[PDB]
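The form deposited in one PDB entry is given below as one chain in structure tokens.
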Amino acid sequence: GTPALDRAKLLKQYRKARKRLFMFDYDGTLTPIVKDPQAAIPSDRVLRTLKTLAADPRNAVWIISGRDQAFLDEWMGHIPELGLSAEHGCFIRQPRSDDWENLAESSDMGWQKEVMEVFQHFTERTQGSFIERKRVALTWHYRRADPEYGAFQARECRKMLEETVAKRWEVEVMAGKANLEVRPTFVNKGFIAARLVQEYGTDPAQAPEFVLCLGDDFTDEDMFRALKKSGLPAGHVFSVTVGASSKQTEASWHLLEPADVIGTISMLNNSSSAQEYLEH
């Protein structure tokens, strides 16, 4: 478990830091979990909060999301300073750039040819199984197969992929409940988060003196893991899960709800020179 984010400590390091890095999951983190993805179109409040945070050039503000490129661009893309990572690391837009990079297309996806061949082989030999093909991930499904033989086939297929495909291309093999998935290593949010920190270079004095990383889910845990490996001073890094104190997490802190996340970012925004004046 974790204590709630110490907002006083956060604000103090924010003020002290000359360079700040923010990495936010979107759904479940900046906005509540909902059934209808359109109901999680950012409220005006969420958008104001992000726009104000990103306006300060001392801040590098990243949204790291499973959402489509078209969704992030439509609803948040008008804030030019936001860095956007969409579709599980497959599309990236740097702060202040109009250009999206297609990271899948920038990679060698020759592995897909071999994985399809292997999956097709096991499919023909495992009644009930089938292949799901997405842009970047390939998934072999076998829930409808005999449970024991399906599991056996999946163990055998996984071993084969690990000893061949995974040693030639930068991909990993995942096991879901009744599935096997192959996807690029760059899909992992920790990969995404480590890359962002290393972009600052190998010079300590050039590193950000403030990192706030927020996320609610299992994939976001990999961001927290990566930051624990960053080599940055502990008091400079705030890995924060969204969830209860009793939640087991790689984060060091929690905030209970997206409303608390927005409230926390608003507190940081209100330390601006302009806001401090208006406040008196």
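Throughout, we count residues from 1 along the sequence that is shown.
Once you work out the mean C-alpha B-factor for both 46 to 54 and 22 to 30 from the entry, which is higher?
-> That would be 46 to 54.
31 to 39 or 211 to 219, whichever carries the higher mean Cα B-factor = Averaged over C-alpha atoms, the B-factors run higher in 31 to 39.
Could you tell me which one of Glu81, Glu156, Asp108, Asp99 shows the highest CA temperature factor in the PDB record?
-> The C-alpha B-factor peaks, among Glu81, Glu156, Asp108, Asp99, at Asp99.
Looking at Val197, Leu72, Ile131, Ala137, which has the biggest Cα B factor in the entry?
-> Going by the entry's C-alpha B-factors, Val197 comes out highest.
Sort the modelled residues of this chain by their C-alpha B factor and say whether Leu227 lands in the lowest, middle or highest third.
-> Answer is middle: the recorded C-alpha B-factor places it there.
Can you work out whether the C-alpha temperature factor of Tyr149 puts it in the lowest, middle or highest third of the chain?
-> CA B-factor rank for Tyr149: middle third.
Looking at the entry's B-factor column for C-alpha atoms only, identify whether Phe122 ranks in the lowest, middle or highest third of its chain.
-> It belongs to the middle third of the chain when residues are ordered by C-alpha B-factor.
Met76 CA temperature factor, ranked by third within the chain = It falls in the bottom third of the chain.
Could you tell me which third, lowest, middle or highest, the C-alpha B-factor of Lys189 occupies within its chain?
-> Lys189: CA B-factor falls in the middle third of its chain.
Although not depicted, the form deposited in another entry is the subject of the following passage.
With one rigid piece of the chain swinging against the other between the shown form and the other one, say which of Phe186, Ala259, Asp217, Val173 is at the hinge.
-> Selected hinge residue from the list: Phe186.
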